[PDB]
Amino acid sequence: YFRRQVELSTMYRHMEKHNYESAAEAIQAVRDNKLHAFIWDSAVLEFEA
Amino acid sequence: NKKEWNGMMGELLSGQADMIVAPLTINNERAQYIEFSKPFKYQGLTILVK
Amino acid sequence: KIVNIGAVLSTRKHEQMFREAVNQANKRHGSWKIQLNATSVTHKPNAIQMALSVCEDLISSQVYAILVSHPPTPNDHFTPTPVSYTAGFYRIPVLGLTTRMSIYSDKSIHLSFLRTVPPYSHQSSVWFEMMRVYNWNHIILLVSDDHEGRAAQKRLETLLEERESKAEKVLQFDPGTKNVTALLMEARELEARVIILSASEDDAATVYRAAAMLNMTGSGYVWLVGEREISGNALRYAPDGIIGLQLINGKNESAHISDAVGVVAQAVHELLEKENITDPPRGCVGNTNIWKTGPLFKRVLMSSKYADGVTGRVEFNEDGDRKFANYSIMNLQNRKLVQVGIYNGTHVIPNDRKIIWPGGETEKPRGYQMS
Amino acid sequence: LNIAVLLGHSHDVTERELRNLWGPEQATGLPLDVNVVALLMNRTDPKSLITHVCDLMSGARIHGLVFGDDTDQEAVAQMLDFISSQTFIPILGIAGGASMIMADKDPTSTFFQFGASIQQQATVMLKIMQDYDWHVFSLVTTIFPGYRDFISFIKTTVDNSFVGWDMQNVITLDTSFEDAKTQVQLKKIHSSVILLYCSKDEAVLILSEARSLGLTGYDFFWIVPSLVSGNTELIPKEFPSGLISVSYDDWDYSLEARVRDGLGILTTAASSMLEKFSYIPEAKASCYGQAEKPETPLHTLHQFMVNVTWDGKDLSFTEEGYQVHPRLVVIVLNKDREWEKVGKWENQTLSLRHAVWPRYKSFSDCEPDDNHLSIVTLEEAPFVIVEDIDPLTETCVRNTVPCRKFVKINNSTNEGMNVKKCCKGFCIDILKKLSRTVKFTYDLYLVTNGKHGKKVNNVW
Amino acid sequence: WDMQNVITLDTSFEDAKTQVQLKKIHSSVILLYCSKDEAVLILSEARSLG
Ligand SMILES: *[C@@H]1O[C@H](CO)[C@@H](O)[C@H](O)[C@H]1NC(C)=O
Ligand SMILES: *[C@@H]1O[C@H](CO)[C@@H](O)[C@H](O)[C@H]1NC(C)=O
Ligand SMILES: *[C@@H]1O[C@H](CO)[C@@H](O)[C@H](O)[C@H]1NC(C)=O
Ligand SMILES: *[C@@H]1O[C@H](CO)[C@@H](O)[C@H](O)[C@H]1NC(C)=O
Ligand SMILES: *[C@@H]1O[C@H](CO)[C@@H](O)[C@H](O)[C@H]1NC(C)=O
Ligand SMILES: *[C@@H]1O[C@H](CO)[C@@H](O)[C@H](O)[C@H]1NC(C)=O
Ligand SMILES: *[C@@H]1O[C@H](CO)[C@@H](O)[C@H](O)[C@H]1NC(C)=O
Ligand SMILES: *[C@@H]1O[C@H](CO)[C@@H](O)[C@H](O)[C@H]1NC(C)=O
Ligand SMILES: *[C@@H]1O[C@H](CO)[C@@H](O)[C@H](O)[C@H]1NC(C)=O
Ligand SMILES: *[C@@H]1O[C@H](CO)[C@@H](O)[C@H](O)[C@H]1NC(C)=O
Ligand SMILES: *[C@@H]1O[C@H](CO)[C@@H](O)[C@H](O)[C@H]1NC(C)=O
Ligand SMILES: *[C@@H]1O[C@H](CO)[C@@H](O)[C@H](O)[C@H]1NC(C)=O
């Protein structure tokens, strides 16, 4: 969906450095201050909150 | 030199599965090839911070 | 004022029938002063001196149409190819009558070939009509012969484009092997029972033996093949109650030759009413120039419309194959081929004969073993 | 080994330079008995062709056969394919109609050609379209066969691309057209590039139609395959001056170097198979006195020389009867009405001397048109963002637009290259909206000397 | 009004240069001003164009 975005190609070419396999990897990475933002569906992160 | 599918969709196209029961993201690209039922969950996108 | 017509043919009786149909060609055309010379050439053990004798004799005869009428070919690959190759060197239409290989279907390979028999893709269209009759939508495709199987699969997809259905399983592999039995057991694991097969006689016999050792012809199973799978040891290994096809006036020769000569003669008398009519040169002794109205006379063969003949309305498609032929639907009633259907150009007409199935009842099997 | 090279031609190449093409060549002889027979031929009739075949195969069992042709007759290669199915001898088609692409080779044959397939040529033509960002196109296909695989290959190529092609649906033909319903499909075409698939005899009527339809305009592009554009001599007057064609007839490679490379491939496969099994050359005696099922070979070079390396050239073959790295030639029709060669083909990429695409705006002589504009700008950060091209696609992202910049090396030299780059920004969006509304074409590039402008003694 | 440029004929048409003006038409609604015997040729040509 971000690849179809013609003006957000910077995000598509930047997230390839930080693409993660599972969401628990992303939770542990943002928990250990390795991440600073994470685009994701809402209710999953609400339950994780 | 071909774009092909992987994951649950790639194993469903190979016939290794019968019905994806999962939080499956609905979009244009998947609907071109497989079929969707009526959705159970409705949500958008958000940013996780600390 | 002369027209030459060539033919590669063995028996003297069918050569006399050919000359008799040549004599009957100018029977209804009034007092038109055209001449008609016939040419009939016989067999050789190989196909090299066949090509040599045919090419120099039909150049020295300067023929217009070349007839291919050989069922009893000892070479089981069924290759009358070099005659069509030589006449495609000068873009001269060869009318075949017997073989149904899909190598002649591509007009890039055989530039100037037509034939009065359709390929087995039309039998796949008949099988689609059988799906229309029995309300079936899920098939299992099994293909051994890859020379025709890709074109048969393409025509099958052309059939499935309108219904927007898809085949449940497709298989194309190397002929000559014997274990496809693991793939046969994988096809057992599927839901539908409709099985579609296209092979030679020996491969059909091998897969019938594999289906009988795994009793794959039992209750609820559907089996439906053509003419190249119901003869020889495949017929010996065939399950009782299997459904096959048969060509009306396909194996018959003489009336088919008469219909062919009538088609050719009416096409020539249609073509003679136009301007810039050319002749075949002496291509053997130093004439490499192609015949000028090659594509023009090929379009005349494309535009050939008829309403008379022994078989009836003979007509040719975009590929130059027989439109709207007469088919028979045969049933193997206890090792006896019993005709249980006829088929005209678009409609399946079952007769009063009963369809005994290889499983249980004589009623139609709703073979959708849903998961 | 025992190889007979015969050339049926009218372009007079004599026989003694063929003896000079074998004598000092192959100084490292790995087969013990290498013997060639060079023969010439004036006519192309199949009687004399099979006569030479039966004279050479009975000529002490020659195991190699190389043939080239002058004219455009592809049925000669079909006769050679039948002879290869009969004689089980590796046969090579060099030039003319002897190496023109037929539809489907047989697994029961040992025949090969030296050329590029229609799928490889379609790949090169779509690479041409991708390098110029001419993504808005159409597809005109007639009923000449080989079209179904052509359309399917186009669909599989577009659908497996990072481009996002503006692919109009396939415009097809039915017969020798009535020009009643096919023109209705031609009026669906509001695009620029028109992809044509037909034959040479059809193309005269097609281009006379499109000239009468006015579809030969200044923005209307036309890219055609190799079979429709024949030899360099026969050029009808109905061709648009600016027509793009692709064929593998490289003018930097004559027939002699090509048959030298073919003999190198033959000797390389023979020497590589000679170490596995010893008694490799096994032919048939003659054409006459034959029975059913002759002595068929078991170790054949047809399924052996899939890969080959000859003097650095990667002339390796395919499993269908084609090459892996052919030599594609991309020509345009100049104002001199001659086939002007522009694009040579590398191992993988397209080299373009005139990569900056010029107008040739007089495609027909009666075309008064003024819709191209030479537009220059200066790089500033909030308005003119200029970036490198994406190496993953070799294509600018389609919100941006192409540009070129004259880049030198140092002050020692003065000659530089016009490197193509991408442009987005505020005024770029202004220019795109003007090109949408006013509906013109433009020529975007960058300034060379420096900043905006200042007059120093009447020099801006 | 989104009116395109006005199609002008010359004579009894050659269907070569008038056909360029006829193929300028990419709109739906067409207004024709001519005489009765001309309109048969015009609409027969327009049927031949589609
Ligand atoms: C057809 O013409 C050829 C020309 O040589 C002649 O030999 C032949 O007698 C004629 N027809 C036949 C087969 O009798
Ligand atoms: C395969 O064929 C062999 C005989 O060639 C036979 O022994 C075996 O049972 C078959 N089944 C398998 C393993 O596919
Ligand atoms: C034959 O069919 C019976 C009943 O369905 C089954 O028990 C048996 O396993 C089958 N035999 C084979 C080898 O498929
Ligand atoms: C072939 O058809 C003709 C005409 O009906 C007939 O005379 C002939 O007996 C048939 N051949 C067979 C079936 O023996
Ligand atoms: C047919 O013959 C006449 C000779 O002038 C002429 O109409 C034409 O050139 C010929 N056919 C074509 C279309 O070449
Ligand atoms: C065979 O098909 C033809 C098609 O015209 C038809 O006329 C004829 O009646 C058919 N044969 C039968 C059903 O006897
Ligand atoms: C047999 O052909 C005729 C031709 O009109 C037509 O009735 C139909 O296509 C076929 N049979 C029936 C009765 O459906
Ligand atoms: C072609 O023609 C000439 C003259 O007929 C003859 O010498 C020979 O067959 C050919 N040319 C060659 C190879 O000398
Ligand atoms: C080249 O050919 C050999 C033949 O045995 C094959 O095994 C190998 O994969 C190929 N190697 C190269 C150089 O790609
Ligand atoms: C083209 O690239 C291939 C590897 O992709 C390389 O082996 C070859 O050397 C290059 N070109 C040639 C033919 O030198
Ligand atoms: C040429 O210019 C480049 C970029 O300024 C610089 O890196 C390079 O050293 C120069 N070359 C010389 C030394 O002439
Ligand atoms: C080349 O020389 C000119 C004049 O001395 C100087 O202004 C310029 O900076 C030099 N080129 C570069 C970009 O180094």
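Residues numbered from 1 in each chain as written, not as in the entry; some residues may be left out. Chains lettered and ligands numbered in written order. Part of a larger assembly, values for the part shown. Heavy atoms only, no water.

As summarised from the PDB record, the model derives from cryo-EM at a stated resolution of 6.2 Å.

On to the overall build of chain A, then. Along its length, chain A carries three helices and one strand. Its helices and strands taken in sequence order, chain A reads α-α-β-α from the N to the C terminus. Along the first, second and third principal axes, the C-alpha set of chain A runs to 30 × 20 × 15 Å. The proportion of buried residues among the 49 residues of chain A is 18%. Surface accessibility of chain A: about 4200 Å² in total, with carbon and sulfur atoms responsible for 53%. Computed over 6 positive and 8 negative side-chain charges, the inter-centroid distance for chain A is 8 Å. (Helix = DSSP H or I, 4+ residues; strand = E, 2+ residues; numbered from the N terminus. Buried < 20%, exposed > 50% of the residue type's maximum accessible area, 1.4 Å probe, protein only. Areas by Shrake-Rupley, 256 points an atom, 1.4 Å probe, with all protein chains shown as cover. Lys, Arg positive; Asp, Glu negative; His and termini not counted. Charge placed at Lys NZ, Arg CZ, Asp CG, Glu CD.)

Listed per partner, the contact involves 13 residues of chain A and 12 residues of chain B. Taking both sides of the interface into account, the surface hidden between chain A and chain B amounts to around 1200 Å²; carbon and sulfur atoms contribute 57%. A per-residue breakdown of the area chain A buries against chain B is headed by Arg4, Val30 and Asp41 of chain A, which together make up 35% of the total. Connecting chain A to chain B are one salt bridge. A salt bridge links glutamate 29 of chain B to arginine 4 of chain A; its shortest N-O distance comes to 2.3 Å. At the boundary of chain A and chain B, one finds six residue pairs in polar contact. Sorting the residues of the side of chain A that touches chain B by element identifies α2 (23–31), β1 (39–41) and α3 (42–48) of chain A as the ones contributing at least two each. Partitioned by chemical class, the residues of the side of chain A that touches chain B number eight nonpolar, two polar and three charged. (Contact = heavy atoms within 4.5 Å. Buried area = accessible area lost by both parts, 1.4 Å probe. Salt bridge = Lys/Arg side-chain N within 4 Å of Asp/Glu carboxyl O. Polar contact = N/O pair within 3.5 Å; in protein donor to acceptor, adjacent residues only side chain to side chain. Nonpolar A, V, L, I, M, F, W, Y, C, P; charged D, E, K, R; others polar.)

A word on the sheet that holds strand β17 (residues 401–407) of chain D. Residues and elements named next belong to chain D. Strand order across the open sheet formed by three strands is β16-β18-β17, with antiparallel pairing between neighbours. A single partner strand is all that each edge strand has here, and the edge strands are β16 (385–387) and β17. In this sheet, adjacent strand axes meet at a mean angle of 45° when their direction is disregarded. (Pairing = 2+ DSSP bridges. Axes fitted to C-alpha atoms, helices over the stretch in contact; angles between N-to-C directions.)

Formed by 42 residues in total, the largest nonpolar core has its most connected members in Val54, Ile66 and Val94 of chain C together with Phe67, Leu80, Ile83 and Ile91 of chain D. At the level of secondary structure, the elements contributing two or more residues to this core comprise α2 (48–61), β3 (65–68) and α3 (81–89) of chain C together with β1 (2–8), α2 (46–57), β3 (64–69) and α3 (75–87) of chain D. Top element by residues in this core is α3 of chain D. It accounts for seven residues. Sequence-distant contacts of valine 54 of chain C, defined by excluding residues within four places in its chain, comprise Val8, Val41 and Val83 of chain C. Within the second largest apolar cluster, 30 residues are counted, among which are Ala116, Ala122, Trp165 and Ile244 of chain D. (Core = buried A, V, L, I, M, F, W, Y, C linked by side-chain atoms within 4.5 Å.)

All names here are of chain C. The N-to-C vectors of helix α1 (residues 12–23) and helix α9 (residues 254–271) enclose an angle of 30°; their axes lie 9 Å apart at closest approach. As far as their axial angle goes, α9 and α1 are roughly parallel. Judged by the twist between their axes, the crossing of α1 over α9 is right-handed. For the pair formed by α1 and α9, the contact residues are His14, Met17, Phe18, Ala21 and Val22 on the first element and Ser254, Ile257, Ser258 and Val261 on the second. Taken together, the residues that form the contact of α1 with α9 break down as six nonpolar, three polar and no charged. (Parallel < 35°, antiparallel > 145°, perpendicular 65-115°, else oblique. Left-handed = near helix turned anticlockwise from the far one by under 90°.)

All right, on to the sheet that holds strand β2 (residues 35–41) of chain C then. Residue and element names in this part refer to chain C. Spatially, five strands are ordered β2-β1-β3-β4-β5 in an open sheet, and the strand pairing comes out parallel. The open sheet terminates on both sides in strands that have one partner only, identified here as β2 and β5 (113–115). On average, each strand axis in the sheet is inclined to that of its neighbour by 25°, with strand direction left out of account. Relative to β2, strand β1 (residues 2–8) runs parallel, the two being bridged by seven bridges. Bridge pairing links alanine 7 to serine 40 in β2. Together, β3, β4 (94–96) and β5 form the strand contacts of α3, whose direction differs from that of β4 by roughly 155°.

Time to look at the pairing of β1 of chain D. Residues and elements named next belong to chain D. For β1, the buried fraction is high: seven of the seven residues fall into the buried class. Of the two faces of β1, the one lined by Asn2, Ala4, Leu6 and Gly8 and the one lined by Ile3, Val5 and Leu7 are each fully buried. Where β1 lies against strand β2 (residues 35–41), seven bridges are found, and the strand directions are parallel. Along β2, the bridge assignment pairs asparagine 2 with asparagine 35. In this sheet, β3 lies alongside β1 in parallel orientation, the contact comprising six bridges. Bridge pairing in β3 links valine 5 to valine 66.

Across the contact, 27 residues belong to chain D and 30 residues belong to chain C. Surface buried jointly by chain D and chain C totals about 2600 Å² across both partners, of which 61% is contributed by carbon and sulfur atoms. Of the charged contacts in the structure, one is a salt bridge between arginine 91 of chain C and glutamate 74 of chain D, with a shortest N-O distance of 2.7 Å. Viewed at the interface, chain C and chain D are joined by five residue pairs in polar contact. Elements with a minimum of two residues in the side of chain D that touches chain C: α2, α3 and α5 (147–159) of chain D. By residue number, the principal contributor to the side of chain D that touches chain C is α3 of chain D, which donates six residues.

So, on to the pairing of strand β13 (residues 339–345) of chain D. Residues and elements named next belong to chain D. Judged by how many residues are buried, β13 sits mostly within the fold: five of seven residues are covered. Where strand β12 (residues 329–333) lies against β13, five bridges are found, and the strand directions are antiparallel. Of the residues in β13, the one forming a bridge with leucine 333 is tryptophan 339. Remark: five residues form the turn of the hairpin made by β12 and β13, two consecutive strands paired antiparallel; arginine 337 in that turn has positive phi of roughly 55°. Judged from the three bridges that link them, β13 and strand β14 (residues 350–352) form a sheet pairing that is antiparallel. Its bridge partner lying in β14, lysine 344 is registered against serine 351.

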